[PDB]
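Here you get one chain, nothing else, as structure tokens; it is the form deposited in one PDB entry.
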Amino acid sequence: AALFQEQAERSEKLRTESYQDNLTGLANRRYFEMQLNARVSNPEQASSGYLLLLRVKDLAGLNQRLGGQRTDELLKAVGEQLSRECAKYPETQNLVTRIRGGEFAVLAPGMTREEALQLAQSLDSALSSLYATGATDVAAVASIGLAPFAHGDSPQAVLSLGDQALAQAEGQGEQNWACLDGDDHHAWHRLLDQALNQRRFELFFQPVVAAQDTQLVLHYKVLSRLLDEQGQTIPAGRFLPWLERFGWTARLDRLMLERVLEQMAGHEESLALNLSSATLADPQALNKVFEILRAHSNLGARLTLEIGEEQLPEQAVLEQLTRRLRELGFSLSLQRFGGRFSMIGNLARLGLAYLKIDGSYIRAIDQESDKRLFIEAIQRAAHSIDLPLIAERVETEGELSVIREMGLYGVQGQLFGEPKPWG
């Protein structure tokens, strides 16, 4: 659509102008902070992990002794070297940002300290190449601080740990890095291998309603809750990253799909359900899934699968996945969508039930222009292709009225019910 194509550049220009640091291409502090604030809040995204704070040694000195232009060039030079080291860790993806000239950060949710230690050294070792290069004249180049943050730690709290690490690193004339101070690594292992075998995850449901008619329910997202010794539940956030460090994620989709598939034959409502990259990465349990889908031909209409915008395979494959699905009469959509159209290309070609907007963009839309603006930009470019839009993490009576002003299709979030277990 010659139309779509204009509105999908106009929307991506508007991402970059808003959330992209122009120099390095990395996220701006604004975006970054929106993520931290928005992740801690979210039971399914939080929050064990690590924080990287890097400050470059002697900004001022560098500017005098080398002048602004060759200084700017330098931070480009590190943006890169940061990304390069942070590739190995996917969770970090999209979370590498530059706060202030000379200072950058990476949120690495669900990161092992040992991983952190290794990351710092590799990064530190890699960072020095710049000095030799002639890029900087300070040999130590930059200071590296890694703060470990527990989940349930407020973002402000999380940042504060980071400042200490950087400072700790700074007060060290031997090395340039540091990290503050499992567990337990094997307890999680055993607890999880176990619960999977024993089919011991519960099915939680969150309502998704029409934005126009709040009373009108489009579908219930099925979230996951791990059980523990006392049938207490544990939320996707805490445990998910542990499935990954262990490779058991596909195990879960497979389970959580057998359970949904049965339970749906208890009623007639419409559901929605995650589908990991790790089930798509593997071709063995991936295909399992279609077979499960094939047997239950009947419910394809009532079920809808959901990938994270980050977890996408190649548009080439995606086309394959979206199609092979439609054949089974089942629907597909995207979640944690953040306007990276350039990545999809073939979107209008896919035939998605909808896109669920990462909700990091929703919180305080009424009150925060740049967000409201960026989304208006998006609905417009997905209106054209009659691809419905759903907002996650709507909590406030206000945020809602702004979406009705925006004419999005639908809403999900604390405002319409936390996730619970109704059938």
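Note that residue numbering follows the sequence shown and begins at 1. Here the rigid core means the biggest group of C-alpha atoms that line up within 1.5 Å when the two forms are laid on top of each other.
- Per the record, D181 and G182 are separated by 4 to 9 deposited residues that are missing from the model.
- Taking the PDB entry as given, 6 to 14 carries the higher mean Cα B factor of the two stretches 6 to 14 and 20 to 28.
- Taking only CA atoms, the mean B-factor in the PDB entry is higher for 371 to 379 than for the other of 371 to 379 and 52 to 60.
- The maximum CA B-factor among the listed residues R200, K221, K288, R336, taken from the PDB record, is found at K288.
- Within the listed group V317, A250, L216, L240, the record reports its top CA B-factor for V317.
- Ranked within its chain, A278 lands in the highest third, by CA B factor from the PDB record.
- Sorting the modelled residues of the chain by their CA temperature factor places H189 in the lowest third.
- Remark: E244 belongs to the middle third of its chain, ranked by C-alpha B-factor as recorded.
- In the deposited entry, the Cα temperature factor of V402 places it in the lowest third of its chain's modelled residues.
- Compared with the other modelled residues of the chain, the Cα B-factor recorded for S125 ranks in the middle third.
What follows is about the form deposited in another entry, which we do not show.
- Among the residues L312, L299, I292, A150, the single one whose Cα moves by at least 2 Å between the shown form and the other one, once the core is superposed, is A150.
- With the core superposed, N63 shows a C-alpha displacement of at least 2 Å between the shown form and the other one.
- Once both forms are fitted on their core, a CA shift of 2 Å or more is seen for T133 between the shown form and the other one.
- The Cα shift for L74 between the shown form and the other one, taken after rigid core superposition, is 2 angstroms or larger.
- Relative to the displayed conformation, the Cα-Cα distance from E397 to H151 shrinks by 3 Å or more in the other form.
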